[PDB]
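A short write-up of the structure that comes next.
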Amino acid sequence: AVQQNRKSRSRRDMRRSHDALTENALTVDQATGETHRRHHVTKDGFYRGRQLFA
Amino acid sequence: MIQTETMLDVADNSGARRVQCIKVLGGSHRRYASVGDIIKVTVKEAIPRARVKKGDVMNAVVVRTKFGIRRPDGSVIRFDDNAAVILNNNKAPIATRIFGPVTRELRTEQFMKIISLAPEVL
Amino acid sequence: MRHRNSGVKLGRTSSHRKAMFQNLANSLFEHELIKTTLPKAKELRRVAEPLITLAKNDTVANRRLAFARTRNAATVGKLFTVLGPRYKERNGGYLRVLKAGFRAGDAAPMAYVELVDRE
Amino acid sequence: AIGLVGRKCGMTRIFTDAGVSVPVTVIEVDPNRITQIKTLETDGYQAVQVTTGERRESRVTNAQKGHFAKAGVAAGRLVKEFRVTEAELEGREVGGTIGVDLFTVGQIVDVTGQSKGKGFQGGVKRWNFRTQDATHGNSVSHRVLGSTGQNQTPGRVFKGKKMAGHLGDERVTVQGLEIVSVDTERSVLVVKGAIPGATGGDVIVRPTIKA
Amino acid sequence: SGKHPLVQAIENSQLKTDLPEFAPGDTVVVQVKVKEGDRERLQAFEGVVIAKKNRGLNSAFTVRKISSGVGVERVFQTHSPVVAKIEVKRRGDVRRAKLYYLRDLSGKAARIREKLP
RNA sequence: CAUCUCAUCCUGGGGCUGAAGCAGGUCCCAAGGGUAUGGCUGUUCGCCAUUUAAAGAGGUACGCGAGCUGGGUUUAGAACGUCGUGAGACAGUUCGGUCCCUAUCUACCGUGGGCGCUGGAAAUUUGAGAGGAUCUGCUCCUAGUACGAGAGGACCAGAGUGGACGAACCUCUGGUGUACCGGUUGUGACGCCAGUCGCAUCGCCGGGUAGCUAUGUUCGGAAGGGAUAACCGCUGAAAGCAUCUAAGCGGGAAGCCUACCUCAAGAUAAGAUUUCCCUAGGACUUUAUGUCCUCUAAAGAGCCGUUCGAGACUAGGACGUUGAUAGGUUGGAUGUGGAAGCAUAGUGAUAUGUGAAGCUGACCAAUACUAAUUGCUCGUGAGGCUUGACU
RNA sequence: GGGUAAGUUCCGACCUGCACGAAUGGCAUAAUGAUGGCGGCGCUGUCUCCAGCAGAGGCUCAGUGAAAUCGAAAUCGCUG
RNA sequence: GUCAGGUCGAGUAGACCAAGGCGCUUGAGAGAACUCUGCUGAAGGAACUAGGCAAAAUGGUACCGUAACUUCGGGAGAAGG
RNA sequence: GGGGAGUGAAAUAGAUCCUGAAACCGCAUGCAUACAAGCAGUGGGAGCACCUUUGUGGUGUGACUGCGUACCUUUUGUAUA
Ligand SMILES: [Mg+2]
Ligand SMILES: [Mg+2]
Ligand SMILES: [Mg+2]
Ligand SMILES: [Mg+2]
Ligand SMILES: [Mg+2]
Ligand SMILES: [Mg+2]
Ligand SMILES: [Mg+2]
Ligand SMILES: [Mg+2]
Ligand SMILES: [Mg+2]
Ligand SMILES: [Mg+2]
Ligand SMILES: [Mg+2]
Ligand SMILES: [Mg+2]
Ligand SMILES: [Mg+2]
Ligand SMILES: [Mg+2]
Ligand SMILES: [Mg+2]
Ligand SMILES: [Mg+2]
Ligand SMILES: [Mg+2]
Ligand SMILES: [Mg+2]
Ligand SMILES: [Mg+2]
Ligand SMILES: [Mg+2]
Ligand SMILES: [Mg+2]
Ligand SMILES: [Mg+2]
Ligand SMILES: [Mg+2]
Ligand SMILES: [Mg+2]
Ligand SMILES: [Mg+2]
Ligand SMILES: [Mg+2]
Ligand SMILES: [Mg+2]
Ligand SMILES: [Mg+2]
Ligand SMILES: [Mg+2]
Ligand SMILES: [Mg+2]
Ligand SMILES: [Mg+2]
Ligand SMILES: [Mg+2]
Ligand SMILES: [Mg+2]
Ligand SMILES: [Mg+2]
Ligand SMILES: [Mg+2]
Ligand SMILES: [Mg+2]
Ligand SMILES: [Mg+2]
Ligand SMILES: [Mg+2]
Ligand SMILES: [Mg+2]
């Protein structure tokens, strides 16, 4: 139910050794020149040579 | 699929009407009996003046079940009730009249009298 | 286990799920471009393309089927006058699902759903 | 024991002249191509390496491309070895082909496949554990494990204890199955009974080890 | 069918090519080969068709009769050589595909209205 | 839910017998596997009924309540017998009476990340080692023979068919199948008739495709090799004989090691085989697998996307336009069982024809219609030294 | 003695009442009781022996964010 | 404490609606073991258990029919159709 | 919320504003650390890094190795579970 001894600050940092974040897949849409998330519509509505909500 | 506490009809005319299974014979921890399997029964209902009386403990052979009987081609045969036939201590049938149909699984040499006296053998 | 099974649950009862997908189909047929979540968008194809396939033949039984399945008279009128004749010579694939980032208050993956030859 | 690699195509029945129905599994064999022969002098043991199927050349690496081009054969979808002897390594050469005619009707075989995966499963399914009372005061303990040990002697759980975990998805061999039909024009084997895995998975057929 | 074309090609090689058409609700007589070792004969099973299954080679149909006061159901496999011959005697007029309710009726209450053309 | 011992209940191997045979008694060797369900009582036990090859004896906090229960005992209520003047009490009996904890560390069952493995990569592997499994009945046959006055009734050897346990699988037989088809009650709506939606446990009722399943279907525990236990020897002295032992040579068990299935090189001793990739320039001094600046970025792996009979998250399998990976579309199959509209017959409920119609999740086959992109990151530039063999 | 194949409980008797007994009442008694014991019919996932499905959690992602405990920890097995 | 409509109904019970009022101040996915709340289940039918605990079952209106025993009221909606 | 500018002797005296300790929590540099079993020190002792001198000097780290079961209380007697 509960610990008998407190955890050292070393064993607490050893558990967090898998807690790191990674980056996303970002590409340059040289149809428009901007940076965008791969396979996603850009911030203003562009994708692979088409524009939504002109 | 007969097991302990199952009630069965009597298909012969030895004097019993309802019998109850109290032991499936032939093996340690054996669960079910099907057509052709010996069974230990107690007599719950009998006819006034016959050789078997209410409360006796006898051997019997199961001849009809609701669960069914598989055949080599993949077919089943079901019946509308469960029935048995009373036997001796020698394991020989003891009646002179069978009632109802019967399957071919009883074409052994110790059960050929039921086949002979049966109205219909499937 | 889930071997070879189709359909979603999406945290709802069966009847709520049916009602929500019917509502989505009606909204799509009206506006022709909507924004939803990606798991809701990918299951909407399986609900909304059969209605367009059905509206390609304009009979009374077909229109009564479309009304039993949409319960919206404006949608039935738009399917058998506009949307059906537009895709009469297209063999399936009348929608388009496009990933569109994440929701602010939720961090939920979103998508655009649009009709193919709109505007 | 030299055998065949095939694909499980489905399960069927065959009626015989005497009316008996025989449950059968169909195995499709695209004829196997010999890609390598390992011998005592360069390997330490005798084996025949075999490929079957087809792969598109954009999914074959340059190393596997060179290995397949060293023989004559085309790239298949998998590669597998069979331990053999000589008098079994008799006429086998690279660029050879093993077909369904390696077997005959009435032969006994073993078929190894990869069984279906059931995921993370409990004690009742994985080890045929018995359940506890359903309604006689039982609180929240129906399909749970029960006891896992003793009391301070030995003071630990023993190794190999039966618990919950992953079930299925292993290599399983079924021995003692009979060949029912060897169709040469469709390149198919039909065997009697059930074989491990799903439809479409890779199976290996080889003569029985018991005999 | 819903099977791979290879299993279907293997199954087609052993279909009975001329079976009489019948539906659930009809009464049929089936002739079944029985063989007690050396001897071979045919036994008749006459009764009402209760169910039917359409799966090519995996077809089957269930027949129900009353023999000596006890009800019997057999589930014949259609394309099995044990079934020598089927003949339809009387056609019935029913409104569903499975007549399992007839299991809990007997006598005048289990009668089937004959289909007349 | 177990785990161990052997002082062994069954099965296996033997010596003696007041051992004719079958069956027993007793002792020795043997721990591989196996080793009932019920009636009564809170019972452990015990008695009884019916089975079985058999229903072993014990240790493990009289194994096991941070795994469950709470019938007995041993709080508070109440009563009987008995004891006490009484408050109360018991070699007693009787009816009723709250079972808390989200798991930190060790252990255990699964599943990943890192680095190592003498340049890097993609596969295919060897097996030091580990785990699993290991049970048994009845019939036939030899043969109604050997043995026995008879009644009875074999060893050795072979053939079949069961029980219990386990695995895999879904063709068959069934269950389930709240995104499939139909019948029907109440009420509200869609303007109304007709039609058909919401809600009432999926309202209720009858069916049922895939998948998953057991009660369904197949298969397994076969045969062999080696060293042994008790026991039986051959030859043979010490001890002219005798003697299985001292020298020498043998037979011998469900036990041991192999043999069958599965895992396995983090086996840090980190093994092997096939194939693939990398061959530019300048300075420079802490002078050595030394550093710095331009040039370069391979084989491959991953991110991402479409997804899966793979899955908690992972990992693993397939595909990404030179494409059938998923959805849709078209054909088929299946289930349900005679759609809507119209026409006819009938006073009407309704029935018939058009027409086995209409609809039909997850199935099979085709088909680029929709989505799998223009990409980015990582991974380098020939791989120290010393010896010995071949050149 | 009865009931069950089998009944330490139940019902009927016997009287050998360890230690019943007549208003701290004795022996019965129709009706009534969420009262104690025992036996039947029906019905059943209580069970043999569990399978499938539905919703809420569990699990993953985003936001907020406790608890009891705690000498310090570089916190393995067996035999003593 | 007061008011309290419609269809069916004996009803202020109950299902669905009116007028009126709300979707209850974390969501999105996935669809493992196990836990909770449900639904269906072959053949058997209390073998479960201290104990049929829990579930399953019965259920309306009219008419026919109803035992011992009794304090003469009952029992009795006995039972059963 | 901060960065410049400006005030002031002083702004890590800027309003949570004199001084500003410890427990606790970061970022940077050096060395050690992924085949090895336990009160974490102590006695030895190689290597590396930085200062310095021409060191038998200084500072940090510590491969490998002998020995080694916390403190208080109460007790005949405590690593004591
Ligand atoms: Mg730190
Ligand atoms: Mg799928
Ligand atoms: Mg949710
Ligand atoms: Mg509903
Ligand atoms: Mg899976
Ligand atoms: Mg509780
Ligand atoms: Mg519960
Ligand atoms: Mg210990
Ligand atoms: Mg011994
Ligand atoms: Mg007992
Ligand atoms: Mg009883
Ligand atoms: Mg104990
Ligand atoms: Mg108690
Ligand atoms: Mg008291
Ligand atoms: Mg099936
Ligand atoms: Mg099914
Ligand atoms: Mg109407
Ligand atoms: Mg409502
Ligand atoms: Mg289609
Ligand atoms: Mg309809
Ligand atoms: Mg009892
Ligand atoms: Mg008294
Ligand atoms: Mg008195
Ligand atoms: Mg009262
Ligand atoms: Mg969170
Ligand atoms: Mg049932
Ligand atoms: Mg049933
Ligand atoms: Mg009982
Ligand atoms: Mg019991
Ligand atoms: Mg109850
Ligand atoms: Mg209920
Ligand atoms: Mg300062
Ligand atoms: Mg200050
Ligand atoms: Mg090291
Ligand atoms: Mg340690
Ligand atoms: Mg003390
Ligand atoms: Mg003391
Ligand atoms: Mg000491
Ligand atoms: Mg301790």
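Throughout, protein chains are lettered first and strands after them, A, B, ... in sequence-line order, and every chain is numbered starting at 1. In what follows, every heavy atom counts, from backbone to side chain, and hydrogens, waters and symmetry copies are set aside.
Looking at the side chain of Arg12(A), the nearest of the listed nucleotides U307(F), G26(I), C47(G) is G26(I). Among the nucleotides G195(F), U274(F), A371(F), the one closest to the side chain of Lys70(D) is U274(F).
Both conditions of the stacking definition, centres under 5.5 Å apart and planes under 30° apart, are not jointly satisfied by the base rings of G52(H) and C53(H).
Using a 3.5 Å distance cut-off with no hydrogens or angles, the side chains of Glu11(E) and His79(E) do not pair a donor with an acceptor. Between the side chains of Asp13(A) and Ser10(A), no donor-acceptor pair is found at a separation under 3.5 Å. Side-chain polar atoms of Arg55(D) and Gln64(D) form no donor-acceptor pair below 3.5 angstrom. Between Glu81(D) and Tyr45(D), the side chains place a donor N or O and an acceptor N or O closer than 3.5 Å (distance only, hydrogens not considered).
In this structure, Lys65(D) forms no cation-pi arrangement with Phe68(D), as its terminal cationic atom is not both closer than 6.0 Å to the ring centre and no more than 45° off the ring axis.
In this structure, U286(F) shows a glycosidic angle more than 90 degrees from zero, which is the anti conformation. Applying the 90° criterion around 0 to the glycosidic angle, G70(F) comes out syn. Applying the 90° cutoff around 0 to the glycosidic angle, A179(F) is assigned syn. Taking 90° from 0 as the syn/anti boundary, the base of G163(F) is oriented anti.
Regarding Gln121(D), its CD atom lies at a distance of 7 Å from the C1' atom of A33(H), rounded to whole Å. Remark: P of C138(F) and CG of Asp37(B) are 17 Å apart, rounded to the nearest angstrom.
Here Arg55(D) lies in heavy-atom contact (under 4.0 Å) with sugar-phosphate atoms only.
Shown here, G55(G) forms a base pair with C36(H); the pair counts as Watson-Crick or G-U wobble because both key distances fall under 3.5 Å. With a cut-off of 3.5 Å on both pairing distances, the Watson-Crick or G-U wobble partner of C147(F) is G152(F). A 3.5 Å limit on both hydrogen-bonding distances identifies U274(F) as the Watson-Crick or G-U partner of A122(F). Across all strands shown, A159(F) is found opposite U139(F) as a Watson-Crick or G-U wobble partner, with both distances under 3.5 Å. Base pairing analysis places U314(F) opposite nothing; no Watson-Crick or G-U wobble pair with both distances below 3.5 Å involves it. Look at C359(F): its Watson-Crick or wobble partner, with both distances under 3.5 angstrom, is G335(F). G252(F) is unpaired under the criterion used here, namely a Watson-Crick or G-U wobble arrangement in which both key atom distances are under 3.5 Å.
Between the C1' atoms of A37(I) and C25(I), the separation comes to 32 Å (whole Å). Rounded to the nearest Å, the gap between the P atom of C43(G) and that of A56(H) is 15 Å.
Look at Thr53(C) and you'll find a side-chain N or O under 4.0 angstrom from OP1 or OP2 of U329(F). In terms of phosphate contacts, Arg7(D) brings no side-chain nitrogen or oxygen within less than 4.0 Å of OP1 or OP2 of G309(F).
Between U286(F) and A54(F) there is no base pair of the Watson-Crick or G-U wobble kind with both donor-acceptor distances below 3.5 Å.
Stacking between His136(D) and the base of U49(H) is absent under the criterion of ring centres within 5.5 Å and planes under 30 degrees.
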